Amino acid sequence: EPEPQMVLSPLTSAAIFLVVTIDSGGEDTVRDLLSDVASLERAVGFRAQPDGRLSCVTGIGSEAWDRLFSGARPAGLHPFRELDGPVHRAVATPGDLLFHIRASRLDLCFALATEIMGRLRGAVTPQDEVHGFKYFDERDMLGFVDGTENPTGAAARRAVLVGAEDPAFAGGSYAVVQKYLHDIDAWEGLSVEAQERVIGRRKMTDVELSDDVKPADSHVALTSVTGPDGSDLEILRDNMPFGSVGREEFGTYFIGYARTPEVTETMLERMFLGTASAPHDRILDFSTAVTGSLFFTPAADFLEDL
């Protein structure tokens, strides 16, 4: 019975996202970091029992995997597929390792990040670093409650964790990350009612719009995906707001976990390429992806056997 990383953990009030690439000859340094990552996690985490809720999820990219490990590959691991839509593009950017660090306070996140990057100095190049913060009652930079429909319990376990379809990597998951910057000026130009028709939910109360009123080009409509089975295909999102007031940056840092990248990729295609009913997701008219990467987050015990 394999132990997964904290991919099922709930959202926290603080987060750090680290994306790095592995320099020439950096493999060895990276390998024995990976073996110590859980150790470093407890070293910092235990200081803030019991309300700390510190966790680190480590992801490894497609290219990076081959450099680090001989043997089998996760069945679904590949580079993030750039999507060049008629209007909006989902860019792909470099990234070998992901560190998704969460806690109830930023100090814990920062302390852990410091230890991780301290061990990696001279072996990696930083691509992206984001300090996410909770924004009021679980809102995003668009002013909407964000994460409502995340699966819970058994439903989440079956949606997120690799199982018998790839037995060797069971307990693992696939993370997709995209850094989105928002055009607040354009968004603020819309009425609340217009904004609601973009998302597919009521702004203040977070109640889902009726099927009668919900536009087919609304975010909720596009990202509702039914399989050939007839079952709802779900991902687990741990999105965090970030930004800088002076540089006029108001951002959503998207991260989605699923047992297969196909699920996430299908949703991305519907958003960026569109469907029969919608040219594209209307949220992208106010959101611009600036990064895009895909990582496999292995079971905890896989990392510990290095």
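Between two forms, the rigid core is defined as the largest C-alpha subset superposing within 1.5 Å. The numbering used is simple: start at 1 and walk along the sequence shown.
Root mean square Cα distance to the shown form, taken over structures and residues in 4 other deposited structures of this protein after a core fit, is higher for 8 to 16 when 8 to 16 and 292 to 300 are compared. In this entry, the higher average B-factor at the C-alpha atoms falls on 223 to 231, of the pair 67 to 75 and 223 to 231.
Set 251 to 259 against 46 to 54 and average the Cα temperature factors; 46 to 54 ends up higher.
Highest C-alpha temperature factor among 157, 182, 100, 134 per the entry: 157.
In this structure the maximum Cα B-factor among 200, 86, 95, 143 is found at 86. Residue-level temperature factors show residue 118 in the middle third of its chain, judged at the C-alpha atom. For residue 188, the recorded CA B-factor ranks within the highest third of the chain. Only modelled residues enter the ranking. In the deposited entry, the Cα temperature factor of residue 151 sits in the middle third of values across the chain's modelled residues. Compared with the other modelled residues of the chain, the Cα B-factor recorded for residue 241 ranks in the lowest third. Per-chain ranking of the deposited C-alpha B factor places residue 138 in the lowest third.
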